[PDB]
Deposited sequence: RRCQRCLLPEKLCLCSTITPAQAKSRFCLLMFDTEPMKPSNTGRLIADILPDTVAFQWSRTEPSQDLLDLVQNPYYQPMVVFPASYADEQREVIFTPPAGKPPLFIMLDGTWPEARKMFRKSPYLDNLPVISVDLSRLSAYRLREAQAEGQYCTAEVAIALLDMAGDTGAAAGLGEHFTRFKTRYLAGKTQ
């Protein structure tokens, strides 16, 4: 009864609407649970930006491919999480750094899952935390938050406004259809 790709009821399937975009930014999804939950919105990022990398998160045996990706000096990697959680010695930044393309590492799940991922992933500890400027959502007619909404604001912070606008529109489509599914 539910689409296996877009996770909405079948009469509400949005797959035909999806128009991927392009961006200088790149996302990496560390997923606490890979089945796939409609309430987890990190997957919407991958619909709009299909170069999004996604992993199942592990407490003790992180993937070598994940380690390779976050250690690739081609990118500037950063952990996406509210600044108040970062240690006093943790580097916190407020814009993507200039030059190398950013790799936005999202902790995709619930808060206690996100928080657990933030604290028990030592391969992320030497990375800067970016504090997202959520007020930028106003320029996309979204409430100035879902993991997909955080990503929209990040894309806008990086000047990837085409992908921000495409993800906003895709997010609103999913959220509207989801609510309707509950009706």
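- In this chain the deposited sequence has gaps in the coordinates at 35, 146-151, 191, listed in sequence order.
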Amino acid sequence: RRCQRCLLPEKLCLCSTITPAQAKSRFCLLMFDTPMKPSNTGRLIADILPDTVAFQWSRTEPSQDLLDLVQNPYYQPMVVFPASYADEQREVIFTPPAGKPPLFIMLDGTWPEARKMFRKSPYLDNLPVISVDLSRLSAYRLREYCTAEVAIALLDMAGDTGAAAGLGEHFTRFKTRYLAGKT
From here on, numbers count along this sequence of modelled residues.
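- According to the PDB record, 135-143 carries the higher mean C-alpha B-factor of the two stretches 151-159 and 135-143.
- In this entry, 84-92 shows the higher mean Cα temperature factor of the pair 84-92 and 102-110.
- Annotation for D33, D47, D51, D65: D33 ranks highest, by Cα B-factor.
- Among all modelled residues in its chain, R26 ranks in the lowest third by Cα B-factor.
- Sort the modelled residues of the chain by CA B factor and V129 lands in the middle third.
- Sorting the modelled residues of the chain by their CA temperature factor places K11 in the highest third.
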